[PDB]
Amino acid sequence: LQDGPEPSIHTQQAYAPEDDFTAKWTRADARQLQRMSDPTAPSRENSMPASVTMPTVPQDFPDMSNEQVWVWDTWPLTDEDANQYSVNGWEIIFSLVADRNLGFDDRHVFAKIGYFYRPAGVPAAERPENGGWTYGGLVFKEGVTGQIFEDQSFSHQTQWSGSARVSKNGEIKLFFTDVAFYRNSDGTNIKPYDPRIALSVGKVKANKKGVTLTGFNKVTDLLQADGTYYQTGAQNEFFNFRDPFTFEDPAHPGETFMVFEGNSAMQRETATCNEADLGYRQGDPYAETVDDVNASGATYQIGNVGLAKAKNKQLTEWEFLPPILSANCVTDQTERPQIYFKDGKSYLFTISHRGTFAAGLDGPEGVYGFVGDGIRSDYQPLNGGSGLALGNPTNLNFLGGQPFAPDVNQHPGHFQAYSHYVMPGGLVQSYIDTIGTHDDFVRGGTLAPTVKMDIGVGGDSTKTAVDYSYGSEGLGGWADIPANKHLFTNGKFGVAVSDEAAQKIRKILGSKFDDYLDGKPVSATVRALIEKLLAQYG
């Protein structure tokens, strides 16, 4: 480590989910990112430790949709434990997609949710190079997602990210961010944009030819920023409020929680930070003062991670709870939060950009992570108190540039990946934003190779390390988002079975099982034979 401040003290102690306690990712903590960086790293080389750096993605990459659409934020079908599912022999994922004729940077205001599918239970060696996904098209018919807004005068209306919960009968609860914009033709706001956390219910319809979806004809408005816990558009024109991820906490069975991205609810122009946001140890010679930080503009970076609790079992009504993490004077964006459970701990993972760090701070694009003894805890930022779990290769000694304009001295993989999502077993999927140099770069809009991050190295829960023996020198399959659970259902009754059990059941039962899964009528006798057999392997 370069000389610098000590990281903050965090205890990992748990609080009640409903308690008014918010962990801080502090300035002292974030400054560890600069300590970890090698100040001698030459132009265009990585300055960050290999163990917390994503393997370099080749500039020669396949496109998962054969360039039919731009694809970015992606999520699997999950249950309450975040296991990932196939249904009737098909892995299914949801993705933000946009018209490929757009410039990649204009995707945001024309974003829609689409889906992809591919066969389940296929070994890596047998899977096509591009991941083997088929694009299934858009989830929502025109007009559906606009229904929730009182003011229908929007210039743009989009679907942004969330998650999708699957039931044993193939019902899908799609949690997403439903967004309305009110922009003049120059792009200036008439009024602040209106992002809401929303739900739409639908269902998998599968057969040997592929997957279609039914339903998704009504949207329920679940949550909008309140102004006491989560910043509003009145408080900040460019406020963040998005990305619902739902789960059950093993420490609180019977309840369903949601994390999402917000900002701390302070008026933009008068926001301030305190000693705890700065987080310095007593007497640290590298400590900053509150006055200096408050004078710096760092107060414009006040991202947080929210928590809400379901008020019913259909998940159609939610109660805000206090934020579980704030990064005041640290970053504007703690995006796509997820809670990941391992070894009795709560890991909060969130993604952030380099450019979104506050004045005086710096860090790579990638996934930042925190560990505690509860979903609301005094979270310990991972890896030396830094918070960095997996960064793109980054030279912190030179400016970061932008994905539309790489810096002449920056590593060509600086923007190679974003929207990293941690899957069971520490597998991480992401999309490609930009790969290349100042003079020769390309945009991605397709998924990167899946990589493997080992969580809790050497008995130390606060440490992670990239597995460079995974796949080819750390790079697994392109767009690999594998299901570890496998549902079989006629749309009414459903069971989860192993892939090997799935193959045996299909062999025993023959074509009548195809009919059962396709939703086709069979006799009550045949139906009971099939379902009793499925139940045996459940």
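When you see a residue number, it is the position in the sequence shown, counting from 1.
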Between the two ranges 25-33 and 492-500, the one averaging a larger CA B factor in the entry: 492-500
Selected stretch [higher average CA B-factor]: 222-230 or 454-462: 454-462
Residue with maximal Cα B-factor (values as given in the PDB entry) among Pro482, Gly510, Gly477, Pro62: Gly510
Largest Cα B-factor, entry values, listed residues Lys112, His252, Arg196, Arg127: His252
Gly400 - Cα temperature factor, lowest/middle/highest third of chain: middle
Relative C-alpha B-factor of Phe239, binned into the chain's lowest, middle or highest third: middle
Ranked against its chain, the third holding the CA B-factor of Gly363: lowest
Relative C-alpha B-factor of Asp433, binned into the chain's lowest, middle or highest third: lowest
B-factor third for the C-alpha atom of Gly146 within its chain: highest
